[PDB]
Each structure stands twice: as C-alpha cells, then as structure tokens.
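Below is one structure, written out as structure tokens, with a few remarks after it.
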Amino acid sequence: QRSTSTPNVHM
Amino acid sequence: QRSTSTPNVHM
Amino acid sequence: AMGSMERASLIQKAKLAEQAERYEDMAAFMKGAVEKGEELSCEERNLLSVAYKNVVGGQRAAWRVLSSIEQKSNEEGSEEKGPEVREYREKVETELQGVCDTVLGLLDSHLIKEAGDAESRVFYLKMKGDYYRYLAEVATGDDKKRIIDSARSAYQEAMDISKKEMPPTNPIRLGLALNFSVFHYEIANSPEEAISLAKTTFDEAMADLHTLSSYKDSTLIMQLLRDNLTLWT
Amino acid sequence: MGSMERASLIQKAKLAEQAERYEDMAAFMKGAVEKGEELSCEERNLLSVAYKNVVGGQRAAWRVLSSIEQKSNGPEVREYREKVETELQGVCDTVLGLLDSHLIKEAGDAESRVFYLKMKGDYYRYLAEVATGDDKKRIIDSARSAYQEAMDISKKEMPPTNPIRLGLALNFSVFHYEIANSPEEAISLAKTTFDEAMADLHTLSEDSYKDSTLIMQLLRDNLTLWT
Ligand SMILES: *CC(=O)NCC1CCN(S(=O)(=O)c2ccc(I)cc2)CC1
Ligand SMILES: [Ca+2]
Ligand SMILES: [Ca+2]
Ligand SMILES: [Ca+2]
Ligand SMILES: [Mg+2]
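Residue numbers (the deposited numbering), protein chains in the order written: chain F, 255 to 265; chain C, 255 to 265; chain D, -3 to 209, 212 to 231; chain A, -2 to 70, 78 to 231.
Written out as structure tokens, the structure is:
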C-alpha cells in the first residue's frame, strides 16, 4: 500500500 | 553450533 | 570525544559496528568521520547512508505503529484511553526529528558545499530531500508546509544537476528520481507528477541498458519504478 | 518513570513492545517494578521479553566482535568489543539489581520465586560468557547457586511438566554444557527432565501444552547435538 523508495543496501 | 536455551517468547 | 580520534579508526569502527548490527554506533562513528572535514569516498557514503537509514527506518516503523494505534483509539472515542499512546508517539517522534536534524546538519555544515564532483553533490542533495521528507511525514500544519517546500527544493536542485551531468542509468540518478516520485505521490499529493516522473525515468533508463557493465543496480531501481507505476495504476 | 502511574507504565511497555522498541519497553517495566507491587504473570512476561531482547542484541554483537578479534590475532576491534562488553555488563547489572532489591522474596507463590531465581541464574550466565579470570569463577558460582535454589523449589512445589520448571531445567543444562564444562551433567539433567516431563504430560493443563512441548523439543534437540 505504501510506495517503495530506494532500498537501504550498499550500491 | 551453540546449545539452545529457552526462547524469548511470551509463555 | 571523536574530534581527536584518527579518521581511519572511525571508519574501521563504523565497519565493525555494521557487522555487529549496531547501527546507532555505526552512525555516530560516521558523524565523527564527517566532522574531520575531508571529502567522503564512495564506500564512506554507503556507510553513512546505511547507518542513518537503519536508525531512522526503525524510528519511522515505530512511529507508524504508534500513530495507527493512536488514531484507532481516538476513533473509537472511549472516555478513558488515548493519553499514553499519544505521549509515547510524541516521544518517538521527537527522537526521529532529532536524528533527521543531525543528518541535515552534517549535509549543511560539511558535505554539500565540500563535494568536488557532480555525482557526490547529487547524492548529498538527494539525501537532504529524503531527510526533509522523513520530517514531513510526522509534521503538522504550517511547519509541514515549510518542510515539504525544503524537500522539494533539494530534490529539484538534485534533478537539475543530474540531468545535465549524469547518464540516465546512473544508480544515484535513478534512486533520486524514484525517491522524488515517492515524494510527489505520498507527501505532496501530486499523483500526476509522480506518475509522469516515474514513467520518464524508467523509459529513458531502458533505452541505455545495452551499454552497462552496473546492470544489476540500475535494473533493480527500474523494477521499483515499475512496481510503483503498477500500484499507482 | 517515577512520575508516571503504574498502570500508565504497564500500558507504555505494551505499546513499546508493539513498536519493537525494547530498550524503552525495559525502562517502562523497571519503572513499574519500582512501584513496589508484585508483578502478575503477564507483567513478568513483559519484563522478561524486554530485557532479553536488549541483552540478546548485545550478546549477538559481542560474539561477532569477539570472533573478529580472535581472527585478527590495530587497537580498534579490541576497543569496540570492550565498549559493547561494558554496555552488556551494565544491562545485566541493572536486571540483577532489580531482582535483588525488589523481586526476589521469601514470600509469594512458587512460580514467581522460581521465575526470578531462574532469571538471576540467566543474567549471571550472560555475565559469565564475557568474564575472565577470578571474576569469572565468582560469577559462575553465583549462576550455579541461583539455578540450584530454583531447581530445589521447582522439584518440591511444581509438577515435572510445568513450563517454568522445564525452562529452568533447559537453561541449567545449557549452563552445564556451555559455561561449567560439565557435558555429562548437562546430558543427564536434560534426559532426566525430558523423561520425567513426558511421564506426567497427561496431567498438564491445556493452557500449558504448547509451551511445555516446545521446551521438551529443545531438550531433545540439545540431546541430539551433545551426543
Ligand atoms: C505465570 C508467570 O510467572 N508467567 C511469566 C513467565 C514465566 C516463565 N518465564 S521463562 O523465562 O521461564 C519461560 C518459560 C517458558 C517459555 I515457552 C518462555 C519463557 C517467562 C515469564
Ligand atoms: Ca509534533
Ligand atoms: Ca558527468
Ligand atoms: Ca549428534
Ligand atoms: Mg572488559
């Protein structure tokens, strides 16, 4: 239901 | 593998 | 007293804290490293971001649980319950706000001005937009309006630079656009702009995929744009 | 905490639990204990769950750091392991302080006395995991003494399949195996506990069946691991 933002992972 | 103790759940 | 600590020791301790899942400590170590006044590397930006996002992410999840309990209690409208959940929601909210203020302080005092390349400047401006967005989620009234404008201004400056300076598949550019689209939909009540931005971002990225090494990271963010588009359809 | 009413502290602990804010939960329950009334079974659950989440996180972190330190064998990993260790010891001392100043009494039902003595054994055992030298010996003796008193009460006053008695025996068997270098006693205690519990399981209340069968499965799994 909430939009997804950028994940908290190492890029 | 360490021994398992009583779990942290509501009894 | 981190002022007198070796920068390299602070970075090593941040990595130790990360392995131990001690994210508050990790963030404090990275704050100390930032305060040394040197630019950050790519790995250091990852450490800073991961540490503070774990701390604020936990607070946001807690605040959401408590806000829902509060609202449910108030709606039932019983003569006798509600004061405790309101007070404890306020406590969590105050702690959240404090962490966001710390991050915004670091960005303003050390990181944004001192960045020496477009990629890192865009990263830091995105981060500024994100932490104002997290403040906006818990803000009310006139404060809310000012905070929303601050987030918008940071994201727009980041977007302006990224379009001029970076490829459409760059993961910093992609993550910025993703987050700004979420701002539009969830915060600014602008679904049209959210959808428009997400679609443009996705399409422009897809056109250049054939050039990438990088592919894993780019395609992951692109999938999230697509998931949001499906949700908003 | 002292300015809040007892009922408000209990309510806030339940809210903190729902929000997965276990440090806050523990502080609320410490405040509730300090009001000087006994805890109900539900409130003992809140107390136990809160402090075990906090110390559990600390123990996991200390183990990661200690592994890195040993593999390495500059100063940073030792310094940071010491910092986490000192925080762990602080939490264990807070719990042990509460048990001694407020919770453990000669009065009260068997369930409550055994629960609190088991808790004392557990928190001394967590201190023993990080201790060295002469301090370690004293700490191990304190754990053993608390567990043994609890065992003596439980054998006199509780049925063999009671889940508090079972959890105590399970933890004491872990103490023997992992702390006291006593594998024979660990295995003997776990097997005797398992058998005597199964012999009386037909008498156990339905309200306790899921809990007691969970603990008996853990005794079985440890027995498989140790043999
Ligand atoms: C009735 C009462 O005192 N209830 C509180 C619980 C008693 C048992 N403890 S415990 O840590 O010994 C435990 C046993 C079994 C299981 I399943 C979980 C925990 C918890 C508080
Ligand atoms: Ca507020
Ligand atoms: Ca460029
Ligand atoms: Ca075996
Ligand atoms: Mg020490």
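Beta carbons are placed, not taken as given, at the ideal position from N, Cα and C, and that holds for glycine.
Straight-line gap, residue i to residue j (C-alpha atoms, nearest Å)
i: residue 2 (chain D); j: residue 127 (chain A); result: 36 Å
i: residue 187 (chain A); j: residue 181 (chain A); result: 5 Å
i: residue 90 (chain A); j: residue 100 (chain A); result: 15 Å
i: residue 154 (chain A); j: residue 82 (chain A); result: 37 Å
i: residue 170 (chain D); j: residue 42 (chain D); result: 16 Å
i: residue 261 (chain F); j: residue 162 (chain D); result: 21 Å
i: residue 221 (chain A); j: residue 190 (chain A); result: 16 Å
i: residue 211 (chain D); j: residue 23 (chain A); result: Inspection of chain D shows residue 209 followed directly by residue 212; residue 211 (chain D) is thus not represented.
i: residue 164 (chain A); j: residue 53 (chain D); result: 45 Å
i: residue 19 (chain D); j: residue 48 (chain D); result: 7 Å
i: residue 209 (chain A); j: residue 203 (chain A); result: 14 Å
i: residue 133 (chain D); j: residue 223 (chain A); result: 48 Å
i: residue 121 (chain A); j: residue 140 (chain A); result: 20 Å
i: residue 230 (chain A); j: residue 173 (chain A); result: 16 Å
i: residue 74 (chain D); j: residue 67 (chain D); result: 12 Å
i: residue 207 (chain A); j: residue 216 (chain A); result: 12 Å
i: residue 185 (chain D); j: residue 5 (chain A); result: 37 Å
i: residue 32 (chain A); j: residue 104 (chain A); result: 15 Å
i: residue 39 (chain A); j: residue 113 (chain A); result: 15 Å
Minimum Cβ-Cβ distance from residue i to chain D less than 7 Å
i: residue 93 (chain A); result: no
i: residue 80 (chain A); result: yes
i: residue 16 (chain A); result: yes
i: residue 151 (chain A); result: no
i: residue 12 (chain A); result: yes
Neighbour flag for residue i against chain F, beta carbons, 7 Å
i: residue 49 (chain D); result: yes
i: residue 125 (chain D); result: no
i: residue 226 (chain D); result: yes
i: residue 113 (chain D); result: no
i: residue 62 (chain D); result: no
Minimum Cβ-Cβ distance from residue i to chain A less than 7 Å
i: residue 130 (chain D); result: no
i: residue 9 (chain D); result: yes
i: residue 5 (chain D); result: yes
i: residue 218 (chain D); result: no
i: residue 84 (chain D); result: yes
CB contact check: residue i to chain C, cutoff 7 Å
i: residue 20 (chain A); result: no
i: residue 222 (chain A); result: yes
i: residue 211 (chain A); result: no
i: residue 215 (chain A); result: yes
Exposure of residue i, with buried meaning 16 or more beta-carbon neighbours within 10 Å
i: residue 212 (chain D); result: exposed
i: residue 263 (chain F); result: exposed
i: residue 28 (chain A); result: buried
i: residue 124 (chain A); result: buried
i: residue 96 (chain A); result: buried
i: residue 175 (chain A); result: buried
i: residue 69 (chain A); result: exposed
i: residue 85 (chain A); result: buried
i: residue 136 (chain A); result: exposed
i: residue 55 (chain D); result: buried
i: residue 156 (chain D); result: exposed
i: residue 21 (chain D); result: buried
i: residue 117 (chain D); result: buried
i: residue 177 (chain A); result: buried
i: residue -3 (chain D); result: exposed
i: residue 228 (chain D); result: exposed
i: residue 37 (chain D); result: exposed
Whole-Å CB distance - residue i paired with residue j, under 8 Å assumed
i: residue 44 (chain D); j: residue 26 (chain D); result: 5 Å
i: residue 80 (chain A); j: residue 109 (chain D); result: Actually they are not in contact, since the Cβ atoms of residue 80 (chain A) and residue 109 (chain D) sit about 30 Å apart, beyond 8 Å.
i: residue 15 (chain A); j: residue 65 (chain D); result: 7 Å
i: residue 62 (chain A); j: residue 46 (chain A); result: Their Cβ separation, rounded to whole angstroms, is 25 Å, which puts residue 62 (chain A) and residue 46 (chain A) out of contact at 8 Å.
i: residue 226 (chain A); j: residue 194 (chain A); result: 6 Å
i: residue 179 (chain D); j: residue 201 (chain D); result: 19 Å between Cβ atoms; not a contact.
i: residue 183 (chain A); j: residue 129 (chain A); result: 6 Å
i: residue 51 (chain D); j: residue 106 (chain D); result: 18 Å between Cβ atoms; not a contact.
Legend entry - Chain-ordered residues of the segment 166 to 179 of chain D with a beta carbon less than 7 Å from chain F: 167, 171, 174, 175, 178
Legend entry - Short-range partners of chain F found in the segment 176 to 206 of chain D, where Cβ spacing is below 7 Å: 178, 181, 182
Legend entry - Interfacial residues, the segment 31 to 58 of chain D to chain A, with Cβ spacing under 8 Å: 54, 57, 58
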